[PDB]
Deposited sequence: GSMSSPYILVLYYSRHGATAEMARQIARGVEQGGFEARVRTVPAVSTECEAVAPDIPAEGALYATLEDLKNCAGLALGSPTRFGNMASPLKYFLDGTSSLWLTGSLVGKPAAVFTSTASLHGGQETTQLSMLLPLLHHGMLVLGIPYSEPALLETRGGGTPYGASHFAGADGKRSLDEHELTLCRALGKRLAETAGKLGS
């Protein structure tokens, strides 16, 4: 019944596949996983505020977009003022994940930039113990490079760690 929410935006599918692997880890850690995405903006089922409020913990995923998360996922988060005011997410564990099609960095700082809203919401932030900051993946120039053994193992480990931490906090 309690669940970890695996919330992501994907353009070409890499973060969607990461989200599925994180969800598999969540299950290894004895929790249900709820995998949701967000719609495109302009001038998996879609996540709601209730999904986010009622999660036991959160994995937040995006492709890198110039060192920050993608604007559709930022738009979802921009709608969370009520949660912030009422302390809805305070004390829940949270982690992040990214994918990049670029050869010259950006994931670590993107991940760091994504930790910021989680901390604004009073979440308990965690990453991958001995990047440390979240799960990473290189998607190749075409965005379709499969997760390698390491990348996949770390996605599952992150999901399992969110679930196990939620388990500890919940009793």
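In sequence order, the deposited-sequence ranges that have no modelled C-alpha atom: Unmodelled stretches, in sequence order: 1-4, 48-60, 148-159.
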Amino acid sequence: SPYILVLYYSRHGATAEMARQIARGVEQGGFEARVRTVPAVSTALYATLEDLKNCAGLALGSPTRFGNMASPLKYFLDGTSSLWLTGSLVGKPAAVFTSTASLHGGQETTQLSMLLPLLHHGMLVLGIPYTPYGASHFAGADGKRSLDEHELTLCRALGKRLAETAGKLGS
From here on, numbers count along this sequence of modelled residues.
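Given 98-106 and 54-62, the range whose Cα B-factors average higher in the PDB entry: According to the PDB entry, the answer is 98-106.
Entry-level comparison of average CA B-factors, 111-119 and 132-140, reporting the higher stretch: Mean B over CA atoms: larger for 132-140.
Among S146, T48, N68, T37 - the residue whose C-alpha B-factor is largest in the record: Highest C-alpha B-factor among the listed options: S146.
Cα B factor band for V90 (lowest, middle or highest third within the chain): CA B-factor rank for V90: middle third.
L5 by Cα B-factor - lowest, middle or highest third of the modelled chain: Bottom third by C-alpha B-factor.
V26 by Cα B-factor - lowest, middle or highest third of the modelled chain: Middle third.
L124 - which third its CA temperature factor falls in, relative to the rest of the chain: According to the entry, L124 has a C-alpha B-factor in the chain's lowest third.
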